Every structure is written in structure tokens, then in C-alpha cells.
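Q: This one's a deposited entry, sequence included:
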Amino acid sequence: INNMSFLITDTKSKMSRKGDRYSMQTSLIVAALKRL
Amino acid sequence: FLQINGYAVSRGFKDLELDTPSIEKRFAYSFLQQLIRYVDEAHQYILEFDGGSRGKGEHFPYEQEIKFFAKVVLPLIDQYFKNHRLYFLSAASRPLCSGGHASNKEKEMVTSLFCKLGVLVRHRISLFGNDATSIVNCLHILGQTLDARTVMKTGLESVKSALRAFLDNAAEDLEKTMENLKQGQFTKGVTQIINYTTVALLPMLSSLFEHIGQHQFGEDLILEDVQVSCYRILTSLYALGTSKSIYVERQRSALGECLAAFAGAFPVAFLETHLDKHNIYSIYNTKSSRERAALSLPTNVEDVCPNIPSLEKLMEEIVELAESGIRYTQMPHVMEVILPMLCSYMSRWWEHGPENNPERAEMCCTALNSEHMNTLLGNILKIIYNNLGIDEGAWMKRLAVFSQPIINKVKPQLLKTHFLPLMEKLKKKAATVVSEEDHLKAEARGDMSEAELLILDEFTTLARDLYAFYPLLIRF
Amino acid sequence: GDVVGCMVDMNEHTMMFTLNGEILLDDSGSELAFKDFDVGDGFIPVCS
């Protein structure tokens, strides 16, 4: 799970090492709380 | 002193010749020429080794050559095309406004290199050992980098024939795999083919079809004999997905994703055969009766895919799904291959649906509608609702990935009776979990001391259900 | 025809930009266009 496949996919629909490349901001729960 | 006396001193060695030709004097041209030549010598040495190892000369003098090939040429190709994908994929339409605009000959040689690597990988997943991953990765990247439209509209007939023959070989391998899986499932060529398909063919075809569908290359490349080969591929993939076999049990996921990519890429509405007469791209409209009889075709538009059901019938099957309360362990292939296929098919064919173009209606290829999508998504949601607390697996997470494009054309009235019960069962599960937490606060860890495997498993299942649903929730 | 809404928070020393009501983001997921800056003599709306 990288949350990127949901982070960078939603823009088209709305028409508007591992340690360093991995972040937690793509979490579904926190994304939902921001969007709701 | 020259300047103050005004003596003009110039560069003195101005360019005497234009030195213009870009089609020949480019680094990409030279590099791909060398790469294709090296792949050619690799192919000839691999056939020589095939003839020698089975003979007296098992020892191969070409150890240094094969080592250089595997350890240099393949990763170099992979990294180079990953870095410069946009340059080769650019056309008259500009993806990268800075520059680039790869030449037609360069695109031709990209396609030729992909075809040569496909020929090399065909039925040879063992001679390279661990290099099977390298060759399949290079083929994946190359297939993502192909420019099918430009290659077909301008290119050498040899390269076009190689591109057609790659798909023909893929269809033949799929047919061989199904035919030796049927009446052969009880019981080394069959094993070699069954391993080769899983290792290489399904990922390569998946990536190529996904790229073709994304870039709308199906209407330019999948024509006539290419359409016949794609019919064969579709039949083989669907029947492999539907078949009940211990061999296909653990490969049906790759079959499902490949079938979804093929449904997205294919330019003919195979599910809705009755409206195939309006599709100009149809071989059943272009090839005419005499060549369609000369070719291996059922001569009828409906009978092209006898096993694949019609869209309405498959909608009816999906509707009685999640209403009969059928579970993943029982009837798994349907929601493993059919549902991603339906999602991809609808995502492709909504633009061609009459709702996009209400004018000149009933001349459009399909009969798809936003009502079809909302019904499909509701049936999916009922499936996941019924399989929420029991029979959990990565299918919930993968189906959620597949169902994302459908959400764009869903009315908000679904949430009035679908989107609340799912969070209802989530709060019930989470409240139960925090209830046993409020009971046994003291022990909450991963090992096995006092009944904490139950709480760990319930936490994992609720987390996986939350990633089943929350992508749908946020994009709704 | 796009409308850019510019927000400044001089209490927390932050700046934000929205395009048609949607908050713009940097390379990361941060909503802050400029995370930190001294108050100085203040700020005024400006365009070029």
C-alpha cells in the first residue's frame, strides 16, 4: 500500500530507499478525516 | 591590441558542412542499433546452446557473451527506457513540452527490440535462471514505451509483421496452456509452458494491454489478423479464469488482472455483440464474408466468443450474486476475473455510450449507461458487505483498486442505502474489538500468551476492510 | 478564468493558496506554501 494510487488518481476524477520514499500522509483514515 | 587596431579575429573554423541528419546522427539511434544487434547475437547463441546442450557439447564457449548480455544489456535497457519513456512515447501531440519528439525510425526500433526480446523469452524461462525477472521487467518497460499508432502508420513491414507475430505467439501459447491444462490436469513440456505463462506471458500481456488502453492504441493496432489473435487471447484468458482447476487456483489473480487490461484495451464491444454492426473497427464489418470464411472465424457476430456471456446476462449473474449470499470460498472466480473485467469494460465504453453523445443515438457501439455503472457498483458493495466479517483476503483490496474509475459516474443517491450500512458494520466490528480491549487492556501484543491472537487477527481484518472501503468512500 | 485565493496567517507565519477553492499542495503533502518567515514590516497583496 503506497496511498499514491489513490492520492494522484483522484485529481482526474475531480477534474481539478523505502524509509525516505515512504511517508504516512497517504493513510486512508487521515485522508478521510481531511476530506470529511 | 588587435581589437584597438580594429583587426577582426574570428573563430576561423566555421562549420563547413550542415551536419544535420537527426534520423541517423542521434545517440538514441546508435544505442538502439547496438542493443538490437546484441539481442540478435544473444538469440543466435541461445539457439546454438539449445542445439548443443541437448547434444554432446553441453559446455558453452559463450559464457562471457551470455554473462555480458545478462549483466549489462538488460538492466541498461530497463533503466534507460525508464528514464526516457516520455521521449520515445511523444508524437505530434506533446506530452513533454520541453523537447524530445523521438523519430519514427526510433519508435520502429523500440517495437523491434520489444519483439526480439519477446521471441528470446518465449519458452526459455529456465536457461536464463534468475535473469527471467530481468527480461520480463525489460519487456514490461518496453511495452509501456511502445508507440503503436506511429509504428503502424509509418514503419517497416518487417517490424509490423514482428509486432503481429508477437501477439499471434501469445495467443498460441495461451491456447496451448489451456489445451494441456484440460484433460491434462491430473499430470515436462506442459510444466514448462505452465511456468512460462505465469512467469512472463501474463505480466507482459497485462502491461502491454494496459498501456494500449491508456493511450487508445487499440483502434489503430488491433485490426484484422490482430483482432483475430486478440479474440483467441480473450477466449483463452476468460476460459482459464472460469475453469475450475487446482493449477488455476493460485494464478487466477494474474488472469483476472490480464483480462481487465484486455477489456480496457480492446476496441470492439465483445460483451454486447448485438450492436457490433455500428463499430467501424470490427473485423465483422471490414473483413467481409469471403476473407472471414477464409480466416478461422465463426462467420457470425454473436458466435465469436461462445463461452463468454452477454453483458445483460452477466449483469443478471452479478445481481443474483450478493443476493443469494454467495461467498468468496464458494464461487471465487466470478468476483476475481469478471468484476475487474466489467469495471474496465464500463470505464472504456462510457465515452462511447449514448449518454455521452445523445445525438445520433442507437448508432453508438455499446448500450452502457451510468445506471449500469451504479448497479454494478452497488452489487460490488453488496458483495463486500456480505463478505465483510468472513472470508477475507487481498481480493477486497484489489477489487477496490479495480473499481476506482467507476465512481466518476455514480449518482449520490447510492449513499442513502449503501454507504451507511458498511460503516455501520465497521463500527460494530471496531466497537467489539475495543470492547475486548477494554476487557484485556493488560495484554496486547503479537506473541501467543493469553488469547491475543484473536485481537491481533481482528485488528488486521478490520484494517484490511477499511482499505477495502475507504478508497471508495473518499472518491465518492 | 481561474480564481486564486491567497491566505496569510501572520499569527502562525504561514501562507496558503487555493485554485478554485481547492487547496494547492507542494511536492510533499504540505498545504503551507511558505512554512516560516519573519513578520518584518508586514505584507501587502501583490501580483505580477
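A: On my side now, so go ahead. Residues are numbered from 1 along each chain as shown, chains lettered A, B, ... in the order given.
Q: Double-check that residue C:17 belongs to a helix.
A: No: going by DSSP: H, G, I helix; E, B strand; the rest coil, the assignment for residue C:17 is strand, not a helix.
Q: What's the local residue count around it?
A: Neighbour count of residue C:17, defined by other C-beta atoms under 10 Å in any protein chain shown: 16. (Each C-beta comes from the backbone N, C-alpha and C, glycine too.)
Q: Quick check: beta-bridge partners of it?
A: Here residue C:17 shows beta-bridge partners residue C:6, assigned using DSSP bridges.
Q: In contact with it, which residues are there?
A: Counting by C-beta atoms under 8 Å, 6 or more residues apart in numbering or on different chains, residue C:17 touches C:4-7, C:23-24, C:33.
Q: What segments of chain B are strands?
A: Here chain B has no strands by DSSP state E.
Q: swap that for chain C, please
A: So, for chain C - with DSSP E - the strands run C:4-9, C:14-19, C:22-23.
Q: close to chain A, is the shortest one?
A: The one in question is strand C:22-23. Yes: where contact is defined by C-beta under 8 Å from any C-beta of the partner chain, part of strand C:22-23 touches chain A, namely residue C:22.
Q: Tell me which other helices or strands that strand touches.
A: In this structure, strand C:22-23 packs against no helix or strand, with contacts taken as 3 or more C-beta pairs under 8 Å, 6 or more residues apart in numbering or on different chains; DSSP states H and E.
Q: From chain A, how far off is residue B:218?
A: In this structure, residue B:218 lies at 20 Å from chain A, with C-beta to the nearest C-beta, to the nearest Å as the measure.
Q: What count of nearby residues applies to that residue?
A: Using other C-beta under 10 Å as the criterion, residue B:218 is surrounded by 23 other residues.
Q: residues touching the closest residue to it other than its chain neighbours, list them.
A: Once its chain neighbours are removed from consideration, residue B:218 has its nearest residue in residue B:267; the separation is 3.9 Å (C-beta to C-beta, 6 or more residues apart in numbering or on different chains). Contacts were defined as C-beta under 8 Å, 6+ apart; by that measure residue B:267 touches B:218-219, B:222, B:279, B:281.
Q: Please indicate which of those are buried?
A: Among those, those that count as buried by neighbour count (16 or more other C-beta atoms under 10 Å in any protein chain shown) are B:218, B:222, B:279, B:281.
Q: Mind listing what's buried along stretch B:294-307?
A: The neighbour-count check on stretch B:294-307 (16+ other C-beta under 10 Å) flags B:297, B:301, B:304-305 as buried.
Q: What's the separation between the residue nearest to residue B:48 when sequence neighbours are not counted and residue B:129?
A: Distance criterion C-beta to C-beta, 6+ apart; nearest residue to residue B:48, sequence neighbours excluded, is residue B:62 at 7.5 Å. Going from residue B:62 to residue B:129 by C-beta to C-beta, to the nearest Å gives 15 Å.
Q: quick one: which of those two has more around it?
A: Neighbours were counted for residue B:62 and for residue B:129 using other C-beta under 10 Å; residue B:62 has more, 17 against 10.
Q: How about the backbone phi and psi for that one?
A: Dihedral angles of residue B:62 (phi, psi; degrees, to the nearest 10) stand at phi -100, psi 30.
Q: Would you mind listing what in chain B touches chain C?
A: Within chain B, not a single residue sits near chain C (C-beta under 8 Å from any C-beta).
Q: what do you get for chain A?
A: Those residues of chain A that sit near chain C, judged by C-beta under 8 Å from any C-beta, are A:7, A:14, A:16, A:23, A:25-26.
Q: Skipping adjacent residues, who's closest to residue B:208 in space?
A: Taking C-beta to C-beta, 6+ apart, and ignoring the residues beside it in sequence, residue B:208 has residue B:143 as its nearest neighbour in space, at 4.1 Å.
Q: Can you give me the neighbour number for the one you found?
A: One way to gauge burial is a neighbour count; for residue B:143, by other C-beta under 10 Å, it gives 25.
Q: now swap in residue B:384 and tell me
A: 20.
Q: Same question for residue B:182.
A: Neighbourhood size, residue B:182 [other C-beta under 10 Å]: 12.
Q: what residues are up against it?
A: If a contact means C-beta under 8 Å, 6+ apart, then residue B:182 has residue B:243 as its contacts.
Q: State the distance from it to residue B:308.
A: Taking C-beta to C-beta as the measure, residue B:182 and residue B:308 are separated by 17 Å.
Q: same check, this time on residue B:412
A: For residue B:412, the distance to residue B:308 (C-beta to C-beta) stands at 33 Å.
Q: ok, now residue B:281?
A: Residue B:281 sits 19 Å away from residue B:308 when distances are taken as C-beta to C-beta.
Q: Over to residue B:96?
A: In this structure, residue B:96 and residue B:308 are separated by 39 Å, where distance is defined by C-beta to C-beta.
Q: out of the two, which sits in the busier spot?
A: Between residue B:96 and residue B:308, counting by other C-beta under 10 Å, residue B:308 is the more crowded of the two (17 against 12).
Q: wait, isn't that one in contact with residue B:238?
A: Yes: Residue B:308 is within contact range of residue B:238, at 5.3 Å (criterion: C-beta atoms under 8 Å).
Q: Go through stretch B:428-442 and flag the buried ones.
A: With burial defined by 16+ other C-beta under 10 Å, the residues of stretch B:428-442 counted as buried are B:429-430, B:433.
Q: ok, now stretch B:34-45?
A: By neighbour count with 16+ other C-beta under 10 Å, stretch B:34-45 contains the buried residues B:35-36, B:38-39, B:42, B:45.
Q: Restrict it to CA atoms and write it as PDB.
A: The C-alpha trace of stretch B:34-45 is given here as PDB (Å, rounded to 0.1, in the frame of the first residue of the first chain):
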ATOM      1  CA  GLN B  34      23.700  -1.700 -30.800                       C
ATOM      2  CA  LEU B  35      21.000  -3.100 -28.400                       C
ATOM      3  CA  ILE B  36      19.100  -4.800 -31.200                       C
ATOM      4  CA  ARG B  37      22.300  -6.200 -32.700                       C
ATOM      5  CA  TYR B  38      23.300  -7.600 -29.300                       C
ATOM      6  CA  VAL B  39      19.900  -9.100 -28.800                       C
ATOM      7  CA  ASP B  40      20.200 -10.700 -32.200                       C
ATOM      8  CA  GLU B  41      23.500 -12.400 -31.300                       C
ATOM      9  CA  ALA B  42      22.000 -13.400 -28.000                       C
ATOM     10  CA  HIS B  43      19.200 -15.100 -29.800                       C
ATOM     11  CA  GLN B  44      21.500 -16.900 -32.200                       C
ATOM     12  CA  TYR B  45      23.700 -18.100 -29.300                       C
END
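Q: Quick one: residues in contact with that stretch.
A: For stretch B:34-45, the surrounding residues in contact (C-beta under 8 Å, 6+ apart) are B:60, B:62, B:65-66, B:69, B:73, B:76-77, B:109, B:112-113, B:116-117, B:119-120.
Q: Could you rerun that using 6 Å?
A: Contacts with stretch B:34-45, where a contact means C-beta atoms under 6 Å, 6 or more residues apart in numbering or on different chains, come from B:62, B:69, B:73, B:113, B:116, B:120.
Q: go on, stretch B:146-156?
A: Contacts of stretch B:146-156 with the rest of the structure, by C-beta under 6 Å, 6+ apart, involve B:89, B:91, B:104, B:107-108, B:111, B:217, B:220-221.
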